[PDB]
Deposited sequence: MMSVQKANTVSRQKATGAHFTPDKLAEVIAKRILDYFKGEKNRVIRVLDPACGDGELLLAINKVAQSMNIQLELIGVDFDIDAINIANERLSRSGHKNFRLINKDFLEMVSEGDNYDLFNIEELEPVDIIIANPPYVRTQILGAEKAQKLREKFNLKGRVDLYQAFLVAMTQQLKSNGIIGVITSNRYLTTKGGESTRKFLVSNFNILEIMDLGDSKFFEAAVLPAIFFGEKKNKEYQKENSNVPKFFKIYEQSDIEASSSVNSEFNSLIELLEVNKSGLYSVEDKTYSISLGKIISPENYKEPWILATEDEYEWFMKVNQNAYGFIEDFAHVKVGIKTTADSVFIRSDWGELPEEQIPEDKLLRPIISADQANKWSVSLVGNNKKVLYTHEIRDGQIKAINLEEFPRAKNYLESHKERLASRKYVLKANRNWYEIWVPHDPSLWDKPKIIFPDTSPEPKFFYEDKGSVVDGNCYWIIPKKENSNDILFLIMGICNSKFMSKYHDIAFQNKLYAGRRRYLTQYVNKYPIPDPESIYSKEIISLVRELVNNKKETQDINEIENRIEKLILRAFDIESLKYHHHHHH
């Protein structure tokens, strides 16, 4: 199920992309450049990065000592053959685990593309060892441990050029990585390659260039960190101009002017600017232009608060066996195994998501809910009281009992892993999908369950009314989409944002007592009650955009 390429992260850097990284490294290198420079690739694969940096260095008449490490002998054998045939004799390859889970003196240059292996593939046990050894936190990825490991092999004032997944820039679990990078390096440049798809794998990579700090120093300050951001721009503004003077996508990585660029069948939006105070490592690092960052600043100052202050942003249920607990064909089961109607709760998924109004006009999904309120406490149901539902779960005994995290928690083998509080489903709530290219927050007061591909919003104050309607009008607006693309830059392919709790908690909210917020609430109340409204919903939506702009005191 898990390929050897998946578990070992064996994806080689393309030809032209490796050359781009090598050119930027040797341009940033302030070292001597007339002696032998030692270069390290801590996961060299077939030697692609070492070949690229030597080809560039030989043009500059620089002599390199190439060092490559890889724990796979097959990669070492092919890299030895390629390096030997290149003509360069001063190279050295080591077959070992670089993380050390027999010596090497520090190097002047590191060029790297470490493997990206998620915590689930590493396993919980190996992930704990990596966190304890390399001082990492959260859902650690392998490239994060390599980042710490390879940095400790770099001389002070040495240059690093390393390409990884861009997810440390915006995820909560990237906090330890951001802290380590800004602490150990004078950040030279961060390149967010976005959804350009240089690799055959579905990944959005970032390239980090930095000069390792020396323990004795100055103020630096003469170095201000810059960024380069390129994403696929599908929709083009009617008044925006496109530059088509570049032939290949790899040439766009060396442009030095922000704007729209078209290569073949796709248009790209390239942004250049400065990293703004990366020492604040607890929030995502924002890569935005001067105008975008200033607009982002004035919204926060004029904001009355944030969603986190007014409501609980929760995830839907996580059964950890969706094809067993969530079905639409309950009536088509054998009558001996059709669960009792008390247990089958209608559940809303992401494929029924629209703005304001739910697409519940066509739905039949129900969840076999396994929890209930008993003596004022949340307890799992007793199977003896539900014979038909018991037989159904008996047929799935081996798979449901395989969930080791359920048994080590001393919970019943048949339970839903995250059922939440059964009493909270009755409250009015906002629902929205996680993976979506557009906000689809909608009101729902029929007391149904929310699926794991959606999040839901319930107020902190027990007045489940106007406050939810205000939050909807804010979240669904184009105003908040602009704010989102600046502050929370976590994108999947095809322009999909991630509407996660850690992001939606930070949405700004205006004063719910101002006359502007009062009119927004009345318009949102109309959009959910008047399902006879069609097409001219856009008319109401436009009135909300101008109201939100006056509520935050800005014209965008």
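Enquirer: Which deposited-sequence positions, grouped into ranges, are missing C-alpha coordinates?
Expert: Holes in the chain trace, numbered from 1: 1-8, 110-121, 577-585.
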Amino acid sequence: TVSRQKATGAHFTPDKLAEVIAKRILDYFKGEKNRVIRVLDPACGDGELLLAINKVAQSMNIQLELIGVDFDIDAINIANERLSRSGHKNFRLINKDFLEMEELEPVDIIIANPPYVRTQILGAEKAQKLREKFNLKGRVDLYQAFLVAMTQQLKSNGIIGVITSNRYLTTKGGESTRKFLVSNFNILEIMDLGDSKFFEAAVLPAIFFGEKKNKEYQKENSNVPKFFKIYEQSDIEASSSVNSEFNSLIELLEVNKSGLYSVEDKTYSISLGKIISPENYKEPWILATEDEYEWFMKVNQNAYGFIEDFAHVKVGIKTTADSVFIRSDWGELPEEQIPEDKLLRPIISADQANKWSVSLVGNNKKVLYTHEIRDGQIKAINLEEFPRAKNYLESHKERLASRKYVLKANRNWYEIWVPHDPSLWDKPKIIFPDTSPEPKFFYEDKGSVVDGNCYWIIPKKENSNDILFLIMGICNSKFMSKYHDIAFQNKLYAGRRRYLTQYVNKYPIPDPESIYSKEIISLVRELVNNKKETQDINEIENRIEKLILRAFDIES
From here on, numbers count along this sequence of modelled residues.
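Enquirer: Pick between 454-462 and 356-364: the one whose mean CA B-factor in the entry is higher.
Expert: For C-alpha atoms only, the mean B-factor is higher in 356-364.
Enquirer: Take the C-alpha B-factors listed in the entry for 153-161 and for 209-217, compute each mean, and give the stretch with the larger one.
Expert: Higher of the two, by average CA B-factor, is 209-217.
Enquirer: Which one of 331, 419, 173, 278 shows the biggest C-alpha B-factor in the PDB entry?
Expert: Highest CA B-factor of the listed options: 331.
Enquirer: Highest recorded C-alpha temperature factor, please, choosing from 313, 94, 236, 78.
Expert: The C-alpha B-factor peaks, among 313, 94, 236, 78, at 236.
Enquirer: Classify residue 446 as lowest, middle or highest third according to the C-alpha B-factor given in the PDB entry, relative to its own chain.
Expert: Highest third of the chain for residue 446's C-alpha B-factor.
Enquirer: When the deposited Cα B-factors of this chain's modelled residues are ordered and cut into thirds, is residue 224 in the lowest, the middle or the highest one?
Expert: Highest third of the chain for residue 224's C-alpha B-factor.
Enquirer: Report the third (lowest, middle or highest) to which the CA temperature factor of residue 42 belongs, ranking only the modelled residues of the same chain.
Expert: Ranked within chain, residue 42 CA B lands in the lowest tercile.
Enquirer: Split into thirds by Cα B-factor across the chain's modelled residues, where does residue 123 land: lowest, middle or highest?
Expert: Middle third - that is where residue 123 ends up once the chain's C-alpha B-factors are sorted.
Enquirer: Going by the recorded CA B-factors, say which third of the chain residue 68 sits in, lowest, middle or highest.
Expert: Answer is lowest: the recorded C-alpha B-factor places it there.
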